[PDB]
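**Q** My structure is stored as target-v3.txt, with compact mmCIF, N, CA and C atoms.
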```txt
# COMPACT_ATOMS: atom_id res chain seq x y z
N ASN G 441 6.41 -23.92 -4.09
CA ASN G 441 6.27 -23.95 -5.55
C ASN G 441 6.94 -22.75 -6.22
N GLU G 442 6.83 -21.67 -5.43
CA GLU G 442 7.43 -20.38 -5.73
C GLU G 442 8.90 -20.50 -6.07
N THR G 443 9.73 -21.24 -5.32
CA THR G 443 11.15 -21.32 -5.65
C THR G 443 11.42 -22.05 -6.97
N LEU G 444 10.43 -22.85 -7.38
CA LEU G 444 10.62 -23.85 -8.41
C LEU G 444 9.75 -23.63 -9.63
N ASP G 445 9.08 -22.47 -9.81
CA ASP G 445 8.40 -22.20 -11.08
C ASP G 445 9.40 -22.20 -12.21
N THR G 446 8.94 -22.73 -13.34
CA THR G 446 9.71 -22.72 -14.56
C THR G 446 10.07 -21.28 -14.90
N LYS G 447 11.24 -20.82 -14.43
CA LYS G 447 11.80 -19.53 -14.79
C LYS G 447 12.02 -19.37 -16.30
N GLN G 448 10.92 -18.97 -16.92
CA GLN G 448 10.78 -18.55 -18.31
C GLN G 448 11.40 -19.47 -19.35
N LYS G 449 10.55 -20.39 -19.83
CA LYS G 449 10.85 -21.49 -20.74
C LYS G 449 9.48 -21.84 -21.35
N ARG G 450 9.24 -22.86 -22.19
CA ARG G 450 7.88 -23.13 -22.64
C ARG G 450 7.29 -24.12 -21.65
N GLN G 451 6.44 -23.76 -20.66
CA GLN G 451 5.91 -24.68 -19.64
C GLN G 451 5.17 -25.91 -20.16
N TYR G 452 6.00 -26.91 -20.36
CA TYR G 452 5.55 -28.20 -20.85
C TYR G 452 5.64 -29.20 -19.72
N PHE G 453 4.65 -30.09 -19.60
CA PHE G 453 4.61 -31.03 -18.49
C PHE G 453 4.34 -32.53 -18.65
N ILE G 454 4.71 -33.13 -17.52
CA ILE G 454 4.28 -34.45 -17.05
C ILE G 454 3.51 -34.18 -15.75
N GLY G 455 2.50 -34.98 -15.42
CA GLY G 455 1.82 -34.90 -14.13
C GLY G 455 1.85 -36.23 -13.39
N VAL G 456 2.36 -36.29 -12.16
CA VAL G 456 2.56 -37.51 -11.40
C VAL G 456 1.51 -37.46 -10.29
N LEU G 457 0.63 -38.43 -10.05
CA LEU G 457 -0.34 -38.28 -8.96
C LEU G 457 0.10 -39.04 -7.72
N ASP G 458 0.31 -38.30 -6.63
CA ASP G 458 0.72 -38.88 -5.36
C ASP G 458 -0.27 -38.45 -4.27
N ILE G 459 -1.24 -39.36 -4.06
CA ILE G 459 -2.23 -39.23 -2.99
C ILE G 459 -2.18 -40.42 -2.02
N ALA G 460 -1.72 -40.10 -0.80
CA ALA G 460 -1.39 -41.12 0.19
C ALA G 460 -2.47 -41.42 1.23
N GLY G 461 -3.03 -42.59 1.01
CA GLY G 461 -4.23 -43.02 1.68
C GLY G 461 -4.62 -44.36 1.10
N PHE G 462 -5.90 -44.69 1.18
CA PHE G 462 -6.40 -46.05 1.13
C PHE G 462 -5.69 -46.90 2.18
N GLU G 463 -6.12 -46.46 3.37
CA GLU G 463 -5.64 -47.01 4.63
C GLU G 463 -6.84 -47.61 5.34
N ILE G 464 -6.71 -48.87 5.77
CA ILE G 464 -7.80 -49.57 6.43
C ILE G 464 -7.43 -49.78 7.89
N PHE G 465 -8.20 -49.16 8.78
CA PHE G 465 -8.08 -49.31 10.23
C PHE G 465 -9.51 -49.32 10.76
N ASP G 466 -9.79 -49.69 12.01
CA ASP G 466 -11.15 -49.58 12.55
C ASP G 466 -11.70 -48.15 12.47
N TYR G 467 -10.87 -47.18 12.87
CA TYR G 467 -11.17 -45.79 12.57
C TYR G 467 -10.91 -45.53 11.09
N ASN G 468 -12.02 -45.29 10.41
CA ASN G 468 -12.01 -44.48 9.21
C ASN G 468 -13.04 -43.40 9.46
N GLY G 469 -12.73 -42.12 9.24
CA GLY G 469 -13.73 -41.08 9.32
C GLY G 469 -13.86 -40.34 8.00
N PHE G 470 -14.34 -39.09 8.13
CA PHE G 470 -14.56 -38.18 7.02
C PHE G 470 -13.23 -37.80 6.37
N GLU G 471 -12.18 -37.83 7.18
CA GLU G 471 -10.82 -37.59 6.72
C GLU G 471 -10.43 -38.68 5.73
N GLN G 472 -10.60 -39.93 6.19
CA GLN G 472 -10.35 -41.09 5.34
C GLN G 472 -11.27 -41.10 4.12
N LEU G 473 -12.49 -40.57 4.23
CA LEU G 473 -13.43 -40.52 3.12
C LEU G 473 -13.07 -39.53 2.01
N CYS G 474 -12.66 -38.31 2.34
CA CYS G 474 -12.30 -37.34 1.30
C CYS G 474 -11.03 -37.75 0.56
N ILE G 475 -10.17 -38.54 1.21
CA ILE G 475 -8.97 -39.10 0.57
C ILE G 475 -9.26 -40.34 -0.28
N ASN G 476 -9.96 -41.30 0.32
CA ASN G 476 -10.24 -42.55 -0.38
C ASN G 476 -11.23 -42.37 -1.53
N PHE G 477 -11.97 -41.26 -1.48
CA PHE G 477 -12.75 -40.81 -2.62
C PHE G 477 -11.98 -40.20 -3.79
N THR G 478 -10.64 -40.11 -3.74
CA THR G 478 -9.85 -39.81 -4.94
C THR G 478 -9.29 -41.09 -5.55
N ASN G 479 -8.73 -41.84 -4.60
CA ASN G 479 -8.16 -43.16 -4.73
C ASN G 479 -9.03 -44.17 -5.47
N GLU G 480 -10.33 -44.13 -5.16
CA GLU G 480 -11.36 -44.87 -5.88
C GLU G 480 -11.35 -44.54 -7.37
N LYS G 481 -11.44 -43.23 -7.64
CA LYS G 481 -11.41 -42.69 -8.99
C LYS G 481 -10.11 -42.85 -9.75
N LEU G 482 -8.97 -42.90 -9.05
CA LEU G 482 -7.72 -43.28 -9.67
C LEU G 482 -7.84 -44.73 -10.16
N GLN G 483 -8.27 -45.63 -9.28
CA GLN G 483 -8.56 -47.02 -9.64
C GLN G 483 -9.57 -47.18 -10.79
N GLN G 484 -10.50 -46.24 -10.79
CA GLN G 484 -11.35 -46.07 -11.92
C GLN G 484 -10.62 -45.52 -13.15
N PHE G 485 -9.65 -44.61 -13.04
CA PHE G 485 -8.85 -44.21 -14.18
C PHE G 485 -7.97 -45.36 -14.66
N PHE G 486 -7.59 -46.30 -13.79
CA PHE G 486 -6.95 -47.54 -14.21
C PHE G 486 -7.87 -48.27 -15.19
N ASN G 487 -9.15 -48.45 -14.86
CA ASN G 487 -10.11 -49.05 -15.79
C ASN G 487 -10.22 -48.24 -17.07
N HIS G 488 -10.52 -46.96 -16.84
CA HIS G 488 -10.62 -45.99 -17.91
C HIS G 488 -9.32 -45.80 -18.68
N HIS G 489 -8.14 -46.23 -18.23
CA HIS G 489 -6.90 -46.06 -18.99
C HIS G 489 -6.27 -47.35 -19.50
N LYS E 832 54.87 30.32 -24.16
CA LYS E 832 53.66 30.47 -24.96
C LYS E 832 53.91 30.70 -26.45
N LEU E 833 54.69 29.81 -27.04
CA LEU E 833 54.69 29.61 -28.47
C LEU E 833 53.67 28.50 -28.60
N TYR E 834 52.62 28.64 -29.41
CA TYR E 834 51.49 27.74 -29.36
C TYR E 834 50.80 27.77 -30.71
N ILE E 835 49.93 28.72 -31.07
CA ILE E 835 49.20 28.64 -32.34
C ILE E 835 49.67 29.53 -33.50
N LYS E 836 50.33 30.68 -33.36
CA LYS E 836 50.46 31.64 -34.46
C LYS E 836 51.20 31.17 -35.71
N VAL E 837 52.32 30.45 -35.58
CA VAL E 837 53.02 29.88 -36.72
C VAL E 837 53.20 28.38 -36.51
N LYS E 838 53.33 27.92 -35.25
CA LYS E 838 53.52 26.49 -34.96
C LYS E 838 52.60 25.48 -35.66
N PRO E 839 51.26 25.58 -35.78
CA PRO E 839 50.42 24.71 -36.60
C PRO E 839 50.61 24.72 -38.12
N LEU E 840 51.83 24.93 -38.60
CA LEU E 840 52.25 24.46 -39.91
C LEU E 840 52.59 22.96 -39.80
N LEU E 841 52.83 22.52 -38.56
CA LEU E 841 53.06 21.11 -38.24
C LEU E 841 51.79 20.26 -38.15
N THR E 842 51.90 19.05 -37.59
CA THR E 842 50.81 18.07 -37.46
C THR E 842 50.15 18.02 -36.07
N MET E 843 50.30 16.91 -35.30
CA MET E 843 50.16 16.84 -33.85
C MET E 843 48.88 17.34 -33.19
N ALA E 844 48.68 18.66 -33.18
CA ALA E 844 47.39 19.21 -32.79
C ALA E 844 46.34 18.66 -33.76
N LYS E 845 46.63 18.90 -35.05
CA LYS E 845 45.79 18.60 -36.21
C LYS E 845 44.56 17.71 -36.06
N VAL E 846 44.68 16.43 -35.66
CA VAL E 846 43.53 15.53 -35.71
C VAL E 846 42.67 15.60 -34.45
N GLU E 847 43.25 15.97 -33.31
CA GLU E 847 42.66 15.73 -31.99
C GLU E 847 41.16 15.99 -31.76
N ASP E 848 40.73 17.20 -32.10
CA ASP E 848 39.41 17.66 -31.71
C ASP E 848 38.31 17.00 -32.54
N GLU E 849 38.69 16.72 -33.79
CA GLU E 849 37.86 15.94 -34.72
C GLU E 849 37.56 14.58 -34.12
N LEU E 850 38.63 13.91 -33.66
CA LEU E 850 38.53 12.58 -33.10
C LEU E 850 37.74 12.56 -31.79
N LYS E 851 37.85 13.60 -30.95
CA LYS E 851 36.97 13.78 -29.80
C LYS E 851 35.50 13.66 -30.19
N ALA E 852 35.10 14.39 -31.24
CA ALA E 852 33.73 14.34 -31.72
C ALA E 852 33.36 13.02 -32.41
N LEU E 853 34.36 12.37 -33.01
CA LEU E 853 34.16 11.09 -33.69
C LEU E 853 34.18 9.84 -32.83
N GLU E 854 34.97 9.83 -31.75
CA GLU E 854 35.30 8.63 -30.97
C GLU E 854 34.10 8.22 -30.11
N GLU E 855 33.41 9.27 -29.64
CA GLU E 855 32.06 9.20 -29.07
C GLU E 855 31.17 8.17 -29.75
N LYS E 856 31.21 8.21 -31.09
CA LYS E 856 30.33 7.41 -31.93
C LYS E 856 30.74 5.94 -31.92
N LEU E 857 32.07 5.74 -31.93
CA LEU E 857 32.65 4.42 -32.02
C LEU E 857 32.33 3.64 -30.76
N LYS E 858 32.45 4.31 -29.60
CA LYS E 858 32.14 3.67 -28.33
C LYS E 858 30.69 3.19 -28.19
N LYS E 859 29.73 4.11 -28.34
CA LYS E 859 28.32 3.82 -28.10
C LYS E 859 27.69 2.79 -29.04
N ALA E 860 28.17 2.78 -30.29
CA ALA E 860 27.79 1.73 -31.23
C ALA E 860 28.30 0.36 -30.79
N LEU E 861 29.54 0.29 -30.30
CA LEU E 861 30.09 -0.96 -29.78
C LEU E 861 29.43 -1.42 -28.48
N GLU E 862 29.17 -0.48 -27.55
CA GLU E 862 28.50 -0.77 -26.29
C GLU E 862 27.12 -1.35 -26.53
N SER E 863 26.33 -0.73 -27.42
CA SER E 863 25.02 -1.26 -27.72
C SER E 863 25.16 -2.61 -28.40
N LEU E 864 26.06 -2.73 -29.38
CA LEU E 864 26.33 -4.02 -30.02
C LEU E 864 26.81 -5.12 -29.07
N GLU E 865 27.39 -4.78 -27.90
CA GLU E 865 27.62 -5.81 -26.89
C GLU E 865 26.31 -6.19 -26.22
N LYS E 866 25.66 -5.21 -25.60
CA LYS E 866 24.50 -5.45 -24.74
C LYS E 866 23.27 -6.02 -25.44
N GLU E 867 22.99 -5.58 -26.67
CA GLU E 867 21.72 -5.87 -27.32
C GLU E 867 21.29 -7.32 -27.49
N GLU E 868 22.09 -8.11 -28.23
CA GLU E 868 21.80 -9.51 -28.54
C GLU E 868 21.49 -10.30 -27.27
N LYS E 869 22.28 -10.03 -26.22
CA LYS E 869 22.15 -10.83 -25.01
C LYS E 869 21.02 -10.34 -24.11
N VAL E 870 20.44 -9.18 -24.44
CA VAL E 870 19.13 -8.82 -23.94
C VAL E 870 18.10 -9.67 -24.70
N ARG E 871 18.21 -9.80 -26.03
CA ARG E 871 17.20 -10.56 -26.78
C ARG E 871 17.23 -12.02 -26.37
N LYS E 872 18.39 -12.57 -25.99
CA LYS E 872 18.46 -13.88 -25.37
C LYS E 872 17.51 -14.08 -24.20
N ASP E 873 17.47 -13.14 -23.25
CA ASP E 873 16.57 -13.28 -22.11
C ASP E 873 15.15 -12.81 -22.44
N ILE E 874 14.92 -12.07 -23.54
CA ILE E 874 13.55 -11.79 -24.01
C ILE E 874 12.94 -12.99 -24.75
N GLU E 875 13.71 -13.61 -25.63
CA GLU E 875 13.33 -14.80 -26.36
C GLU E 875 13.07 -15.94 -25.37
N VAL E 876 13.89 -16.09 -24.32
CA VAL E 876 13.60 -17.01 -23.23
C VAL E 876 12.20 -16.83 -22.62
N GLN E 877 11.79 -15.58 -22.41
CA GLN E 877 10.47 -15.29 -21.89
C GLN E 877 9.33 -15.64 -22.85
N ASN E 878 9.35 -15.05 -24.05
CA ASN E 878 8.33 -15.17 -25.11
C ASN E 878 7.66 -16.51 -25.35
N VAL E 879 8.56 -17.49 -25.36
CA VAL E 879 8.29 -18.88 -25.66
C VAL E 879 7.23 -19.46 -24.72
```
Could I get this file's structure written as structure tokens?
**A**
Amino acid sequence: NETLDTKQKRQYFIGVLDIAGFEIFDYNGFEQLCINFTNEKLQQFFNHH
Amino acid sequence: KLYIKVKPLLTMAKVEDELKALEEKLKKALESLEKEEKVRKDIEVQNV
């Protein structure tokens, strides 16, 4: 991020959400849970948006 | 060594030393006038 900070300008943004998961396999663990627990809420922001 | 006693009825020597003291001024005003604005360019870039 360091190489790419806005070198002195008015820091104005867009935010793109890229969370890679909602993967269904026989193994889902706590790893799959902390990820799919964002993904749920994004789907909820779909409702909310 | 014919130099100052009667020779400076002429010109030539005349302006030199004055201009030494004056030319100093012309340079530093121009040097600052080059550098300044383009410092404010990179300050104004920051401020925003």
**Q** How many Å separate atom CA of residue 444 of chain G from atom CA of residue 474 of chain G?
**A** 28.3 Å
**Q** Considering only alpha helix (DSSP H) as DSSP defines it on the backbone, what residues of chain G qualify? List them as a list in words.
**A** residues 470, 471, 472, 473, 474, 475, 476, 477, 478, 479, 480, 481, 482, 483, 484, 485, 486, 487 and 488 of chain G
**Q** Could you list the residues in chain G lying within 7 Å of chain E, using only C-alpha atoms, and format the result as a PyMOL selection string?
**A** chain G and resi 448-450
**Q** What is the distance between atom CA of residue 458 of chain G and atom CA of residue 443 of chain G, in Å to one decimal?
**A**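 Rounded to one decimal, the two atoms are 20.4 Å apart.
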**Q** What does the structure give for the distance between atom C of residue 842 of chain E and atom CA of residue 854 of chain E, in Å to one decimal?
**A**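 Atom C of residue 842 of chain E sits 18.3 Å away from atom CA of residue 854 of chain E.
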**Q** May I have the protein, DNA and RNA residues with an atom at most 6 Å from (-6.8, -43.4, 5.6), counting all atoms listed in the file in the file's coordinates, returned as a compact mmCIF listing (two decimals) with N, CA and C atoms, keeping the file's coordinate frame?
**A**
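Full text of point24.txt as output:
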```txt
# COMPACT_ATOMS: atom_id res chain seq x y z
N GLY G 461 -3.03 -42.59 1.01
CA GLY G 461 -4.23 -43.02 1.68
C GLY G 461 -4.62 -44.36 1.10
N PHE G 462 -5.90 -44.69 1.18
CA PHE G 462 -6.40 -46.05 1.13
C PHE G 462 -5.69 -46.90 2.18
N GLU G 463 -6.12 -46.46 3.37
CA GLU G 463 -5.64 -47.01 4.63
C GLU G 463 -6.84 -47.61 5.34
N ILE G 464 -6.71 -48.87 5.77
CA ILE G 464 -7.80 -49.57 6.43
C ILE G 464 -7.43 -49.78 7.89
N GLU G 471 -12.18 -37.83 7.18
CA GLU G 471 -10.82 -37.59 6.72
C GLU G 471 -10.43 -38.68 5.73
N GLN G 472 -10.60 -39.93 6.19
CA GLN G 472 -10.35 -41.09 5.34
C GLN G 472 -11.27 -41.10 4.12
```
**Q** Emit as JSON the padded axis-aligned box for all listed atoms of segment 856-869 of chain E, 5 Å per side, with centre and edge lengths in Å to one decimal.
**A**
```
{"center_x": 26.8, "center_y": -1.3, "center_z": -28.1, "size_x": 21.6, "size_y": 29.0, "size_z": 17.9}
```
**Q** Can you tell me, as a ChimeraX atom specification, what residues are no more than 9 Å from residue 479 of chain G when counting only C-alpha atoms, ignoring any on the same chain fewer than 4 positions away?
**A** /G:459-462,475,483-484
**Q** Produce a file of the selected residues containing N, CA and C atoms, as a PDB file, keeping the file's coordinate frame.
**A**
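Output saved as out_29.pdb:
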```
ATOM      1  N   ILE G 459      -1.240 -39.360  -4.060  1.00  0.00           N
ATOM      2  CA  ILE G 459      -2.230 -39.230  -2.990  1.00  0.00           C
ATOM      3  C   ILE G 459      -2.180 -40.420  -2.020  1.00  0.00           C
ATOM      4  N   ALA G 460      -1.720 -40.100  -0.800  1.00  0.00           N
ATOM      5  CA  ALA G 460      -1.390 -41.120   0.190  1.00  0.00           C
ATOM      6  C   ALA G 460      -2.470 -41.420   1.230  1.00  0.00           C
ATOM      7  N   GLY G 461      -3.030 -42.590   1.010  1.00  0.00           N
ATOM      8  CA  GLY G 461      -4.230 -43.020   1.680  1.00  0.00           C
ATOM      9  C   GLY G 461      -4.620 -44.360   1.100  1.00  0.00           C
ATOM     10  N   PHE G 462      -5.900 -44.690   1.180  1.00  0.00           N
ATOM     11  CA  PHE G 462      -6.400 -46.050   1.130  1.00  0.00           C
ATOM     12  C   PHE G 462      -5.690 -46.900   2.180  1.00  0.00           C
ATOM     13  N   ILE G 475     -10.170 -38.540   1.210  1.00  0.00           N
ATOM     14  CA  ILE G 475      -8.970 -39.100   0.570  1.00  0.00           C
ATOM     15  C   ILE G 475      -9.260 -40.340  -0.280  1.00  0.00           C
ATOM     16  N   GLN G 483      -8.270 -45.630  -9.280  1.00  0.00           N
ATOM     17  CA  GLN G 483      -8.560 -47.020  -9.640  1.00  0.00           C
ATOM     18  C   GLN G 483      -9.570 -47.180 -10.790  1.00  0.00           C
ATOM     19  N   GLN G 484     -10.500 -46.240 -10.790  1.00  0.00           N
ATOM     20  CA  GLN G 484     -11.350 -46.070 -11.920  1.00  0.00           C
ATOM     21  C   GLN G 484     -10.620 -45.520 -13.150  1.00  0.00           C
TER      22      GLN G 484
END
```
**Q** Generate a file for segment 851-873 of chain E, containing N, CA and C atoms, as a CSV table (one decimal), in the first residue's frame.
**A**
```csv
chain,number,residue,atom,x,y,z
E,851,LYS,N,29.6,45.7,-9.4
E,851,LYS,CA,29.8,44.6,-8.5
E,851,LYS,C,28.9,44.6,-7.3
E,852,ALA,N,28.7,45.8,-6.7
E,852,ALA,CA,27.7,45.9,-5.6
E,852,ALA,C,26.3,45.8,-6.0
E,853,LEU,N,26.0,46.2,-7.2
E,853,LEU,CA,24.6,46.2,-7.8
E,853,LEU,C,24.2,44.9,-8.4
E,854,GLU,N,25.1,44.1,-9.0
E,854,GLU,CA,24.7,42.9,-9.8
E,854,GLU,C,24.3,41.7,-8.9
E,855,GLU,N,25.0,41.7,-7.8
E,855,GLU,CA,24.6,40.9,-6.6
E,855,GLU,C,23.0,40.8,-6.4
E,856,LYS,N,22.4,42.0,-6.6
E,856,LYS,CA,21.0,42.2,-6.3
E,856,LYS,C,20.1,41.6,-7.4
E,857,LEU,N,20.6,41.8,-8.6
E,857,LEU,CA,19.9,41.3,-9.8
E,857,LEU,C,19.8,39.8,-9.8
E,858,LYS,N,20.9,39.2,-9.5
E,858,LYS,CA,21.0,37.7,-9.5
E,858,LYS,C,20.0,37.1,-8.5
E,859,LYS,N,20.1,37.4,-7.2
E,859,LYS,CA,19.4,36.8,-6.1
E,859,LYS,C,17.8,37.0,-6.2
E,860,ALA,N,17.4,38.2,-6.7
E,860,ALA,CA,16.0,38.4,-7.0
E,860,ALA,C,15.5,37.5,-8.1
E,861,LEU,N,16.3,37.3,-9.2
E,861,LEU,CA,15.9,36.4,-10.2
E,861,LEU,C,15.9,34.9,-9.8
E,862,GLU,N,16.9,34.5,-9.0
E,862,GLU,CA,17.0,33.2,-8.5
E,862,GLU,C,15.8,32.8,-7.7
E,863,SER,N,15.5,33.7,-6.7
E,863,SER,CA,14.3,33.5,-5.9
E,863,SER,C,13.1,33.4,-6.8
E,864,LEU,N,12.9,34.4,-7.7
E,864,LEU,CA,11.8,34.4,-8.6
E,864,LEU,C,11.7,33.2,-9.5
E,865,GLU,N,12.8,32.5,-9.8
E,865,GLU,CA,12.7,31.2,-10.4
E,865,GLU,C,12.1,30.1,-9.4
E,866,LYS,N,12.8,29.9,-8.3
E,866,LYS,CA,12.5,28.8,-7.4
E,866,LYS,C,11.2,28.9,-6.7
E,867,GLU,N,10.7,30.1,-6.3
E,867,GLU,CA,9.6,30.3,-5.4
E,867,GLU,C,8.3,29.7,-5.8
E,868,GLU,N,7.7,30.1,-7.0
E,868,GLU,CA,6.4,29.7,-7.5
E,868,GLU,C,6.3,28.2,-7.5
E,869,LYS,N,7.4,27.5,-8.0
E,869,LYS,CA,7.4,26.1,-8.2
E,869,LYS,C,7.6,25.3,-6.9
E,870,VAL,N,8.0,26.0,-5.8
E,870,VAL,CA,7.9,25.5,-4.5
E,870,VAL,C,6.4,25.5,-4.1
E,871,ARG,N,5.7,26.7,-4.4
E,871,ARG,CA,4.3,26.7,-3.9
E,871,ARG,C,3.5,25.7,-4.7
E,872,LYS,N,3.8,25.4,-6.0
E,872,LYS,CA,3.2,24.3,-6.6
E,872,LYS,C,3.2,23.0,-5.8
E,873,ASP,N,4.3,22.6,-5.3
E,873,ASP,CA,4.4,21.3,-4.5
E,873,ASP,C,3.9,21.5,-3.1
```
